[PDB]
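The structure under discussion appears below in the form of structure tokens.
Since every read-out is calculated from the coordinates, none of them should be taken as a lab result. FYI the Cβ positions are ideal-geometry reconstructions off the backbone, even for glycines, and counts take in every protein chain you see.
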Amino acid sequence: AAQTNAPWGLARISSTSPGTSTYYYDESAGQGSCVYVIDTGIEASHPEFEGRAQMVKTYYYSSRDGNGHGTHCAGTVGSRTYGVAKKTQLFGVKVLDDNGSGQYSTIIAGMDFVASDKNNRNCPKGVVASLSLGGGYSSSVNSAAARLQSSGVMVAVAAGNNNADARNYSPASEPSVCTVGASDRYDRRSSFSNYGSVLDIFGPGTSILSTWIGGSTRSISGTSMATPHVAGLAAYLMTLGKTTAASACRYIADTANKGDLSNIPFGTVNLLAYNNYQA
Ligand SMILES: [Ca+2]
Ligand SMILES: [Ca+2]
């Protein structure tokens, strides 16, 4: 399948070189897989989700996404026009309030919830959890991310937007999950992207067009935008049967475009998420 005039990020993950505008992908498009977007919620009624999204848990008064961040991330994971895995099932877990913030205790609760909830969902091809959030280092938060990963869920987390070593942030610093850095359309590490030995892979994160609340669209930047690209790619590869939740991160790194990125500090991997699609 091919989406012409696609958002640059989608085009980039299906190309060995920057500058293309077509997103090449397999028609399976992640169907059969499930991706939990642990964020500010998802505007499930957005036409772009085609009824494939639904709120499953909220830690606040409402399950509505009154911020937009979660809806944007969910959109990059699997909205029709802006998503990587256009046929995946999206589950929203609102651990962040409408201002985009949340305490570690509920973020941890949200992760433990997904580890359990997946047991009563029909996700034949696998379960992915996309966490475009984080804060200062916390062994408890890292432990929660490790538990979720250990439970059989492919956990993708944002590296952080502090242009610093991700070792000081959580859950970014948990070695067992998939920590995602951001790049821009010219293959440069995004100026705000964290780096370091703990990063596993890079994904498009600058000027990413996706869904927004109120049935709209918006372009924003952040490792928060790069994360859903790899979470969606994982769901996509899993329904394709190329990898499993336990080894998806390693598989993505093994098959990534290598050495394409500029301004990558020594010690940080120079790997860019790539779907290796060939028609
Ligand atoms: Ca290249
Ligand atoms: Ca890792």
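Take the Cα of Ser143, step 7 Å toward its Cβ, do the same at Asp26, and the gap between the two points is 3.9 nm. Suppose the chain between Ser105 and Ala279 were pulled fully straight at 0.36 nm per residue; how much longer would it get relative to their current alpha carbon spacing? The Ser105-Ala279 span can extend by a further 58.1 nm. Taking the fewest neighbouring Cβ atoms within 10 Å as the starting point, the ordered list for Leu272, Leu148 is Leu272, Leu148. Taking all Cα pairs closer than 8 Å and separated by 6 or more residues, the relative contact order of the chain comes to 22 percent.
Considering only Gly232, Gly222, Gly136, give the residue with the highest GNM mean-square fluctuation for the chain, with springs between Cα atoms whenever their separation is below 10 Å. Ranking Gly232, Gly222, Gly136 by mean-square fluctuation puts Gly136 first. As a ratio to 2.2 N^0.38 Å, the alpha-carbon radius of gyration for the chain is 0.87. Charged neighbours of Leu199, selected by a Cβ distance under 13 Å, balance to -1 (K, R count +1; D, E count -1).
Applying a 4.7 Å cutoff between beta carbons, the unpaired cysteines of the chain are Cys73. In the structure shown, the pairs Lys87/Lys125; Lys94/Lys118; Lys57/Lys242 are assessed against 19 Å; a Cα-Cα span above that value is assigned to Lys57/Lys242.
Dividing the helix sum by the residues of the chain, where each DSSP H run of 4 or more adds -39500 (n - 2.57), gives a mean residue ellipticity at 222 nm of -7000 deg cm²/dmol. The length gained on full extension between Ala1 and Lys242, counted as 0.36 nm times the residue separation minus their Cα-Cα distance, comes to 85.0 nm.
Put in order of Cβ neighbour count within 10 Å, fewest first, the listed residues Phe91, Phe202, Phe192, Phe113 become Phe192, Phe113, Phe91, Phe202.
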